[PDB]
Amino acid sequence: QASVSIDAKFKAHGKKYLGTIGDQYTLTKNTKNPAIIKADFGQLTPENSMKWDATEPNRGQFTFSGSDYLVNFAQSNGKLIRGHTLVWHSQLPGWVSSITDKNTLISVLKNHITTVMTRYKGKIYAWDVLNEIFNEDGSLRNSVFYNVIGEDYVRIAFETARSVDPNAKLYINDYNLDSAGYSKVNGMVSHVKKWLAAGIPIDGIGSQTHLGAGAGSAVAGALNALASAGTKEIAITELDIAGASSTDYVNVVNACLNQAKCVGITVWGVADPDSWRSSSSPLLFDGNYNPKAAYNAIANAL
Ligand SMILES: O[C@@H]1[C@@H](O)[C@@H](O)OC[C@H]1O
Ligand SMILES: O[C@@H]1[C@@H](O)[C@H](O)OC[C@H]1O
Ligand SMILES: O[C@@H]1[C@@H](O)[C@H](O)OC[C@H]1O
Ligand SMILES: O[C@@H]1[C@@H](O)[C@H](O)OC[C@H]1O
């Protein structure tokens, strides 16, 4: 645990949280990791426990052991929770992707959103209702949901989410929304404008922000472009930067800090060894679970 909480300092600027992720294993593999989370971060996103494959492995049969643990840990420690993720083409059981009948997929989609959301009704700050639905060119990804239901699945997912838990902020999340002018950003902005204009309840846009070295300075403009979609808020949902340089991390923090719609930042992991991109050392804490330079730099900029 770092003596200075970057979460506490970010919140001091009117922001809602600067969080990270977790699940049973990383919350118990040692004493330092959970201690870092409780001291320096104020929000948690389950790393894998809330996804389709982990929650509904078989049609109509749910498994909530992992997600229960993550939610309970967060709630027991005053951590805001971001549900992740309801509708996605990756980590999706084969029984879903094999469905060809429209009405049958709609029934399934709604049952999954309803059961997973109902179980944590009132405890979830935000839900990533839809994840990675765009192709790099800004067009809709031909996932099973898109191929079988059509564009209407977007309305269906959000409208089900809204009615089931009107307390959660409904988000559409995606990666590569990292520079103004990029085709995917334009595609995300134009589609959300259209969807909001039609009455679809999309409260926020989540930008993953999985960066390479040197990509930090462009994030500010990306957030500015996304703000044009017209959503109530936006957020950096899965932040990590190869090399974890102070320049890149501070640039990303300032990008959010200086944009009024950006409510928070979630670092996709606490320490490097537990990162999904571990070979690049893209996190704020090192192999010894000690604050790296970026963590202190982020602290001194707030
Ligand atoms: O629950 C996740 C599952 O998809 C597994 O296959 O890969 C990592 C796990 O945490
Ligand atoms: O519904 C309960 C859920 O809200 C809690 O988080 O974990 C245990 C479940 O029984
Ligand atoms: O899905 C991957 C995304 O998470 C990463 O940021 O960039 C490469 C993609 O394939
Ligand atoms: O643990 C990994 C998770 O961080 C990533 O988001 O999805 C793939 C998983 O293997």
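Positions of Cβ are set from backbone N, Cα and C atoms, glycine also.
The pyrrolidone carboxylic acid feature in Swiss-Prot is assigned to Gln1; the stated evidence is experimental evidence. Look at Swiss-Prot and you will find 21-301 tagged as domain 'GH10'. Annotated active site, proton donor per Swiss-Prot: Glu132, in sequence order. Swiss-Prot lists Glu238 with the feature active site, nucleophile. Look at Swiss-Prot and you will find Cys256-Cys262 tagged as disulfide bond.
The recorded positions shown are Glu132, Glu238, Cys256, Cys262; of these, the one with its CA atom nearest the CA of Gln1 (pyrrolidone carboxylic acid) is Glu238. A C-beta separation below 8 Å, combined with a sequence spacing of at least six in one chain, links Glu132 (active site, proton donor) to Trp88, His89, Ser90, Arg141, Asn173, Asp174, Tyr175. Between the CA atoms of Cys262 (disulfide bond) and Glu238 (active site, nucleophile) there is a gap of 14 Å.
Around the Cβ of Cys256 (disulfide bond), the same chain contributes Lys15, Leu223, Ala235, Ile236, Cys262, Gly264, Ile265, each under 8 angstroms and 6 or more positions distant in sequence.
Over all protein chains present, the Cβ of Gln1 (pyrrolidone carboxylic acid) has 18 other Cβ atoms lying within 10 Å. Take the CB of the residue listed as 'active site, nucleophile' and look out to 10 A: across all protein chains shown you find 22 other CB atoms. The DSSP secondary structure for the residue listed as 'active site, nucleophile' is strand. DSSP assigns the residue listed as 'active site, proton donor' to coil in the three-state reduction, outside any helix or strand. Using a 10 Å Cβ-Cβ cutoff, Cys262 (disulfide bond) registers 23 neighbours.
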